[PDB]
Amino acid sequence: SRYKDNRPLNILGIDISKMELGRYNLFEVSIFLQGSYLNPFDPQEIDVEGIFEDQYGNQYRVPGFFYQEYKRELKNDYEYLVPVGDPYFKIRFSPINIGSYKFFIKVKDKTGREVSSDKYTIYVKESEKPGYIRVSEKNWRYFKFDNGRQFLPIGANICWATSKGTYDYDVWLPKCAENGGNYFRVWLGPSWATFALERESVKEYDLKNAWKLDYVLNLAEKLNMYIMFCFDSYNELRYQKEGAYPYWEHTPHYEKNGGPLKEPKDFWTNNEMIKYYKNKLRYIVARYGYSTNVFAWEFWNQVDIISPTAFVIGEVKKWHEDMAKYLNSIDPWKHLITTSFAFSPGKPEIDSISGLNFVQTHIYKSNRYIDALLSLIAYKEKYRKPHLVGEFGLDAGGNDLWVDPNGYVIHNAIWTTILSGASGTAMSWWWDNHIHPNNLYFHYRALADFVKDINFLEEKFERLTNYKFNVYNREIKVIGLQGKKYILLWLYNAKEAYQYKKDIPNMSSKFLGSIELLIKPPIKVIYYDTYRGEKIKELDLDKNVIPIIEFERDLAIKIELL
């Protein structure tokens, strides 16, 4: 209770960031107050709310949150945050409609006393921002922004920093964004994570780490990147003797460390833990919900590999149902909600919950992973909602780093997933020790430039079905999509795609073979170098047999039905 107060409830001062702002931009209110509360993160101790109303009758009830300002510095190799001023409360709002808004502040503390501000008026002008990310109503396999443009996530996991903290994101994010990236994922647990809110406690949240997450979210805003926030990771509920980077013995949830839980199984049903978890959801909505750069709320990283002593499917399912309902109810902007599993096929009992707006796959497989990705993407079409391959690698043990310095594994996965019908690219691990130092971003740039012009929401793509390969030289396979106006092909050499020793292909002319498709000419055929990210050749065709030019590892082909 380092932040307690014991004074009569009074608003002392209010600062407003701007009186005029653009659609979907941040409107921030700072509130100085006194009151009676033992825990500023607990709404039963103090409840700050901002009540906003547009000129179309829509009302928004925005929870407020406790805030400490910091000034960051880099002490050679670690980030250091200096507190600036006393902590205070904030409200963060984002307007969906333009025009005028009225708002006021309401505060209630543990005594039952309630105080409020007068009403203030702000004006909202049109902006360039596309809005929040939703599931597409036109094609449930894909995401859209509120303004109807597609959101096709291209990026990687970038889940935590080194000791350099936000200074690492200063480096990684601009590199990702200038190479076609618009997506990453961050972890808000376990307590060692850069953005861990439950660092020393599950009752009070870490104001330094929350400030770091502010900073990174603001950088994503400047770079037009969209973030999945992963609230908790399985390690928190996994015993040391179970391996796999366990953390139960160190986690604040455990009674040994001051928490309410005698064992991780009790996480799902312990009344005190559920209360604190809802307080955390409220804090996250309060502090970050305004942002259109929050792509999704993700409850768990791999909840199926918590301790087997703790995984009771019926309880984990009910907890996801109840928390998704609660989170959706308090989130004024109704961000997408998801969860994840280490088991690649997932858990249908949980994945089919209506409150989870999209499903995910994690897969670390070294042999024939192209076929595995295709099979999992076909399988999870049964849920009739988008599918994100949220984690991908060769090997949970990290063999990728030395067996595949050129990123061919990442390459294979991002082309396979996009041209198999997934909502976006397979999302690689190893951002810090592999993608960045080996400068693998060019793979994303090539893929982004191939798909940028394609409107996946209107193409009605289906997996390519009725093709005939005529190739004698080699064993070529194809992953493809057939749409109303485009056919997109990724061809790969089955005997080269899984070998990682050779240099990046630096190809060339010759005829290799052909593929004929169930389509009607005339057509324009574009051959695309997937490593340089360039058109190689264009060809106008009068019939349905597509020549395949020579290529070393893989080749993309874009066919336009004229």
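Numbering starts at 1 and runs along the sequence shown. The term rigid core refers to the most C-alpha atoms you can superpose between the two forms while keeping them within 1.5 Å.
Chemist: Superpose by the rigid core: which stretch, 118-126 or 394-402, shows more Cα shift in 5 other deposited structures of this protein?
Modeler: The more displaced stretch in 5 other deposited structures of this protein turns out to be 394-402.
Chemist: Between 74-82 and 325-333, which has the larger RMS C-alpha deviation from this form in 5 other deposited structures of this protein after core superposition?
Modeler: The stretch that sits farther from the shown form in 5 other deposited structures of this protein is 74-82.
Chemist: If I compare the deposited sequence with the modelled residues, how many are absent between residue 507 and residue 508: none, 1 to 3, 4 to 9, or 10 or more?
Modeler: Going from residue 507 to residue 508, the model skips 1 to 3 residues of the deposited sequence.
Chemist: Mean C-alpha B factor from the entry: is it higher for 469-477 or for 358-366?
Modeler: For C-alpha atoms only, the mean B-factor is higher in 469-477.
Chemist: Determine, for stretches 134-142 and 425-433, which one has the higher mean CA B-factor as deposited.
Modeler: Of 425-433 and 134-142, the stretch with the higher C-alpha B-factor average is 134-142.
Chemist: Going by the deposited entry, which of 452, 385, 222, 238 has the highest CA temperature factor?
Modeler: Among 452, 385, 222, 238, the highest C-alpha B-factor in the entry belongs to 452.
Chemist: Just grab whichever of 496, 28, 69, 49 has the top CA B-factor as deposited.
Modeler: Largest recorded C-alpha B-factor: 496.
Chemist: Lowest, middle or highest third: which one holds residue 391 when the chain's residues are ordered by CA B-factor from the entry?
Modeler: Within its chain, residue 391 is a lowest-third residue by C-alpha B-factor, going by the deposited values.
Chemist: Please place residue 151 in the lowest, middle or highest third of its chain by C-alpha B factor as given in the entry.
Modeler: Its C-alpha B-factor belongs to the middle third of this chain's values.
Chemist: Going by the entry, which third of its chain does the Cα temperature factor of residue 397 land in?
Modeler: Highest third, going by the recorded CA B-factors of the chain.
Chemist: So where's residue 379 on the chain's Cα temperature factor ranking, which third?
Modeler: CA B-factor rank for residue 379: middle third.
Chemist: Can you work out whether the C-alpha temperature factor of residue 297 puts it in the lowest, middle or highest third of the chain?
Modeler: Ranked within chain, residue 297 CA B lands in the lowest tercile.
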